[PDB]
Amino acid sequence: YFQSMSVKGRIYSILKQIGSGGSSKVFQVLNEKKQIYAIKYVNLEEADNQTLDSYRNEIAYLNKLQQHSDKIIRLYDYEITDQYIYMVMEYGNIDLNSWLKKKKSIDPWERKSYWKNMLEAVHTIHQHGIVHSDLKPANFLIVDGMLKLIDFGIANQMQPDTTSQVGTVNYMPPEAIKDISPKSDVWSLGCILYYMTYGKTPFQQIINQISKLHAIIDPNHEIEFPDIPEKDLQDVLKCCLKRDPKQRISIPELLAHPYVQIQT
């Protein structure tokens, strides 16, 4: 308690830590006017030039792309030095991953609204040549019912190093396993929707990771799509989770899909 920090001359009161990973921490904070933000702190002391560049590149894209869609998290300010980065970001209620863990059933409307938000954010980054390639529910922040994409997958994650469902392959596409395309983000989004529809990711039940990786790529391993009242949702899932990326549906196609367009 009673910690503060400064970012471009502005003093922020730290209320609590709300996340961490790699060599970074996220803080719920207040500025001088008692407006709430999240500050993301990245420790750069161990970073090589390649890693420093990947962080610079991500900050530049995030700062640019927030003006192109409200489904991308706001970045209000940042301070960047050799030792660290402080990013003053939009505050959210909770991330999507934690929310889905709390909820047994998701409301069909809620599920559809979240889907629309994700497609729009991801479509935005693709329009600027960015493939995320590691989309999971944790990459989305819920802000007053609206999803915001938190990151673009450009920054190279540094290792924990210090004393101090992680690195999961459940959202990984076939083409990523056999060793880059916007279709890769479609598979991952499809895995998120699949989770929101049937309460688990398509290959979740396979505990052995080698088996699971083989199941992702094996075209004889049929993915189950049990019947549900929303036949358009069932179709979206089937189209996202085609193993051949060339046969897989595109984001502009998903945006014109009756699941997102037809007023039910």
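Start at 1 and count along the sequence shown; that's the residue number.
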Query raised in the report: Are any deposited residues left out of the model between residue 179 and residue 180, and how many (none, 1 to 3, 4 to 9, 10 or more)?
Result: 10 or more
Query - residue 165 preceded by how many uncoordinated deposited residues after residue 164 - result: 4 to 9
Query raised in the report: Once you work out the mean C-alpha B-factor for both 30 to 38 and 44 to 52 from the entry, which is higher?
Result: 44 to 52
Report summary line: Averaging the C-alpha temperature factors as deposited, the higher value of 151 to 159 versus 137 to 145 falls on 151 to 159
Query raised in the report: Highest Cα B-factor in the PDB entry belongs to which of 116, 128, 103, 132?
Result: 103
Query - Largest Cα B-factor, entry values, listed residues 66, 197, 57, 220 - result: 220
Report summary line: Sorting the chain's modelled residues by C-alpha B-factor and splitting them into thirds places residue 19 in the middle
Query - residue 185 CA temperature factor, ranked by third within the chain - result: lowest
**Report entry** B-factor third for the C-alpha atom of residue 170 within its chain
**Finding:** middle
Query raised in the report: Based on the entry's values, in what third of the chain does the Cα temperature factor of residue 110 lie: lowest, middle or highest?
Result: middle
Query raised in the report: Considering only modelled residues of the same chain, in which third does the CA B-factor of residue 239 rank: lowest, middle or highest?
Result: middle
